[PDB]
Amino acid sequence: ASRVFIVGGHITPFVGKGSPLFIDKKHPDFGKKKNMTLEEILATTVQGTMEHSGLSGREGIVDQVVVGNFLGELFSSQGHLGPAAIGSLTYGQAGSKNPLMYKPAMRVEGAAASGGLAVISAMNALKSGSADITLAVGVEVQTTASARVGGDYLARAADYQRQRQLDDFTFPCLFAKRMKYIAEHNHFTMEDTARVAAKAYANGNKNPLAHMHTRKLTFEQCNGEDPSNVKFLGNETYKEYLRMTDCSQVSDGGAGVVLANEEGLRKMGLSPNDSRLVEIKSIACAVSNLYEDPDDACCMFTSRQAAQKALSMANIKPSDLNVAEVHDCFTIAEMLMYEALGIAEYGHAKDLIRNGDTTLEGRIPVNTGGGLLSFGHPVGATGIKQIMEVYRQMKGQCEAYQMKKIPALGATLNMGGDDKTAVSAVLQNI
């Protein structure tokens, strides 16, 4: 049975309202220069990932490419990103020799789990004998529409017919609804979720790539003592359970990873114990029913299933993990993810957050670079970013947020929609 290695990757800056890199009315270059397009982001990410993986000048030995994207077709009027990817190496240089021509490529989609799904596709290709080296890249541009139109586009991840009517901000409302049930059962509090945000923003502050790098927020501000942290939903039933700072960012960006099997390492002139590597011990996907929600909003069943398949295939337990990256699309999700991954027991996510166990100096750091809340959330990119963040901590590459104890085992947990798709991976430092 065939091994699988992360050889290298790349995460772009994540940009949107609030970032100094984002060009808006207030920006020095407003009207003069533009933010990157989807094509441009995809080009930077494909090229960044080749460069950092040592493939510049021999990109022809990549056997195939998988692109994770959720809503390109709506935000940029652009689907069919497979051939977009094939043309990304030499983007804007007409006629140039393209070593990726004619190779297999596709886009895969499962809402915010698209990146994660791109990695599983790539890993199947590696273990099937159809590929020895594969490129998995995920990208998204969301800043081309308003929060309201964007919210309707993101509603595509829900059972639209059934759930769109909840609120224009369908997804924030779906997690408000969970928080209502969570409050009524005393599973954890809105104080606890403010503590998650405080952690994310503190981590972001140490991360120049993070969308919210330049924004500082105290616990008290996250807890709603700022009037600018408004409860913005229209739905009266759930309005009171969600503040702006509980929400992940509308961001643009990309992340890419190059994966290889043993034959691929050989082709690259590398040995299986080269210290630039990380092994993906296991990866697993679990998907539930779009059309039916379970009663217990305090449990992410689908994510827990994926985390358990992966930890089991890796033959380790949650306590053996040294770092993790999880799908904090809201502060509410991060709490739920601690329990889905298994690093806290059902009902004990609050213990972990109250004791700082998941902070950089805690015993099981999570979302070290700021997570979706601060790093940001260009949806298609997230699942691959998660993989690369564990990589980077493992390889000592995280600078201001580098962990002082290099982690030997790490896990990711990537989520599509309202816990309807989940992908989880176990990573082993080499």
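Residue numbers run from 1 along the displayed sequence.
Of the two stretches examined, 218-226 and 312-320, the record assigns the greater average C-alpha temperature factor to 218-226.
Annotation for 85-93 versus 158-166: the higher mean temperature factor (C-alpha) is found in 85-93. The PDB entry assigns the greatest CA B-factor among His80, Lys267, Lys281, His211 to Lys267. Note on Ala176, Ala349, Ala118, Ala297: the highest value goes to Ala349, judged by CA B factor as recorded. In the PDB entry, a CA B factor belonging to the highest third of its chain's modelled residues is recorded for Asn98.
Sort the chain's modelled residues by C-alpha temperature factor and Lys405 lands in the highest third, per the entry. The entry lists a Cα temperature factor for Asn235 that places it in the highest third of the chain's modelled residues.
Per the PDB record, residue ranking by Cα B-factor puts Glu339 in the lowest third of the chain. Ranked by Cα temperature factor within the chain, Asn429 sits in the middle third according to the deposited record.
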